[PDB]
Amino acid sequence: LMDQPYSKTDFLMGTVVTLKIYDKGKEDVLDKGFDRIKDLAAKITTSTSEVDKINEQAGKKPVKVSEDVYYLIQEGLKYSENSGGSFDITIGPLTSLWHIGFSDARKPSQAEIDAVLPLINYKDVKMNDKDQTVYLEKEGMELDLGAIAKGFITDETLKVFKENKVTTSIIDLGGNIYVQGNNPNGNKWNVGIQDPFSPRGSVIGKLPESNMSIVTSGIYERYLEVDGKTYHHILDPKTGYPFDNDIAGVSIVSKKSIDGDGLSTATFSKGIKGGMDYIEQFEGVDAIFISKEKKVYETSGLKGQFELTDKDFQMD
């Protein structure tokens, strides 16, 4: 293992992506990782991808998809059902309307919202295993896989690393982290817990981890502000507006990055106390929640592990 890793940085899917590999002789795996990231991003992004092709044929015909996309949609339907539909991969018509985080983000009229709410229904995604097709049952429906895309891609990048016998690495997609192995000095990696009140990279504390995903989500990262009100990017498919509760941010610790990514989006529907109860139901998944008044909460699996360092915040 090297003390200084091989490192490469790119800007993909709207975010800074850095991969680091500490195994000597594995420098070319960085390009293999980035190749896989670019491959997947092109298939699933709606910003003509495979997801675009499914959407174009909604209510018309099933669309053939590659194995990557069939799998991601399969998993998205599970996160959708498990959340009671508060997470819904058919939220596309609504997230396309607001377009939060893009230069043309807009608060739509209530009429525009009422026109898209009847289109949101994960049960109207029809999957055919033998043909490997996806069909949206109603015209106007749109898939949006954005709430699990980065986690899935992180998991698939790790798969490439392991296929190349990488043992010790850090995968960073815009502040969402997977740490493989341990620090070359033998200690567990000290993983920052993101400060939702500051840009990605600023932290409120640290958590030692090894072979683990630590994702982060915060409502102040890319919101639209208009006429004195703010609208963040995590939308309620039952109302058409962003979730409105006490969560400012949440970090989820789990073995698989896609689980952290999907469950984070799902917990935003439940608030801090309800979201903690939800995470206490998933074995091997834990969370740090941060309220709008800078109180910090930890689920049972993290007590005594997380160290709060920012004095502007308080454990509660």
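The first residue of the sequence shown is number 1, and the count goes up from there. If you superpose the two forms and keep the largest set of C-alpha atoms that fall within 1.5 Å, you have the rigid core.
Comparing 260-268 with 274-282 by root mean square Cα distance to the shown form in 4 other deposited structures of this protein, with the rigid core used for the fit, gives 260-268 as the more displaced stretch.
Across the superposed structures in 4 other deposited structures of this protein, aligned by the core, the stretch whose Cα atoms lie more distant on average is 77-85, chosen from 148-156 and 77-85. Where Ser47 is followed by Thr48 in the displayed chain, the model omits 4 to 9 of the deposited residues that sit between the two. Stretches 294-302 and 16-24 differ in mean CA B factor, with 294-302 having the higher one. According to the PDB record, 227-235 carries the higher mean C-alpha B-factor of the two stretches 111-119 and 227-235. Taking the deposited Cα B-factors for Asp39, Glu280, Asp52, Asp259, the highest one is held by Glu280. In this structure the maximum Cα B-factor among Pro196, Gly186, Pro93, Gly76 is found at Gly186. Per-chain ranking of the deposited C-alpha B factor places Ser251 in the middle third. Sort the modelled residues of the chain by CA B factor and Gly271 lands in the highest third. Sort the modelled residues of the chain by CA B factor and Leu207 lands in the highest third.
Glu163 sits in the highest third of its chain by CA B factor, as recorded in the PDB entry. In the deposited entry, the Cα temperature factor of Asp155 places it in the lowest third of its chain's modelled residues.
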